Every structure is written in structure tokens, then in C-alpha cells.
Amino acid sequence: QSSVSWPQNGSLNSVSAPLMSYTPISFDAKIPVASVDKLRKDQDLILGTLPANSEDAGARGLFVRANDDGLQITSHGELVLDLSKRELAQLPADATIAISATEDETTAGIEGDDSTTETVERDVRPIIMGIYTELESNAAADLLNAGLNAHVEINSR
């Protein structure tokens, strides 16, 4: 639950009352393997659902990070997929990671074969406030052509 009151600050001014964060019905993303090399320097965030300095952010949001140990995807604190550097450099240049987070399960794997996919068999849907990234701005065109995408569905009642 979250609360909105009115009047505010001794004033009768109309106020906006948006929901700032929520657990979605579902979240899904397609992440071209190519984005790993489109990150800004000493950055690791391909995609996040909460801003960095958010409270308990890593335990609540969904995060795709790539660094020295390879790629890591967490959702609501559960590790979803884990590829070492070894595992990464072996993936075809045109590989995509498909993420799907839903009440029943969260799965992540290479859009490709099924030997690769990783399931958490439990509800671990992230908290979301938007979509955050540390990818280079100029890389938009390459990565949109490559299939970069995130999609959140929310119920409103």
C-alpha cells in the first residue's frame, strides 16, 4: 500500500497522485549480446528497473549487469541467469538474451535453444519505477536494429 493526502503544504492547489512504483503484471526484455560492449566506461548497467540510489534497489528491482565476471541478471534479489566471461565470449555475436518475469516464474536464456534457459520457479517479479541504463547514447541505432527492447504490463485496479 501507498498513500496520498490533500491538501498539502497549507494550500488548496490541485495535486497529482501518480503511483511511483509497483510490481507489474509482467516484465520482459530482449537484450542483444552486443550491448555488453556498448556500455559507458567503468559502468556495468545494461538495464535496471530502479534508480541506483533507490532504497534496497538490488533486492527489489530487475538488473542486467555486465562486467569482468561476465553477465548477471537478478530479479527482486534472486539470481536469474549467470554467464562467466568464458560463457560470454562463446555466445554468437548476434545472440539475444530474452527475459520474462511473470507471477508464476521468471525465465532468462538465449533466444535460441532451450538448453540455455534459466528458470526461477516462483514469483520474483521486480519492483519497477522505470527503465534505467548505462549504455552509450550513440549506440541507440545499432542496438535498436539488434532488437533491444523492454516491455512492462501493469494492471490498474
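For every residue, the number given is its place in the sequence shown, counted from 1.
K.L.:
With respect to the recorded C-alpha B factors, which stretch has the higher mean value, 112 to 120 or 125 to 133?
P.N.:
Comparing 112 to 120 with 125 to 133, the higher average CA B-factor belongs to 112 to 120.
K.L.:
Once the chain's modelled residues are ordered by C-alpha B factor and cut into thirds, is residue 75 in the lowest, middle or highest one?
P.N.:
Lowest third - that is where residue 75 ends up once the chain's C-alpha B-factors are sorted.
K.L.:
For residue 66, does the deposited CA B-factor place it in the lowest, middle or highest third of the chain?
P.N.:
Answer is lowest: the recorded C-alpha B-factor places it there.
K.L.:
Sorting the chain's modelled residues by C-alpha B-factor, tell me whether residue 96 ends up in the lowest, middle or highest third.
P.N.:
It belongs to the middle third of the chain when residues are ordered by C-alpha B-factor.
K.L.:
Check where residue 154 lands among this chain's C-alpha B-factors and tell me if it's the lowest, middle or highest third.
P.N.:
According to the entry, residue 154 has a C-alpha B-factor in the chain's highest third.
K.L.:
So where's residue 47 on the chain's Cα temperature factor ranking, which third?
P.N.:
Its C-alpha B-factor belongs to the middle third of this chain's values.
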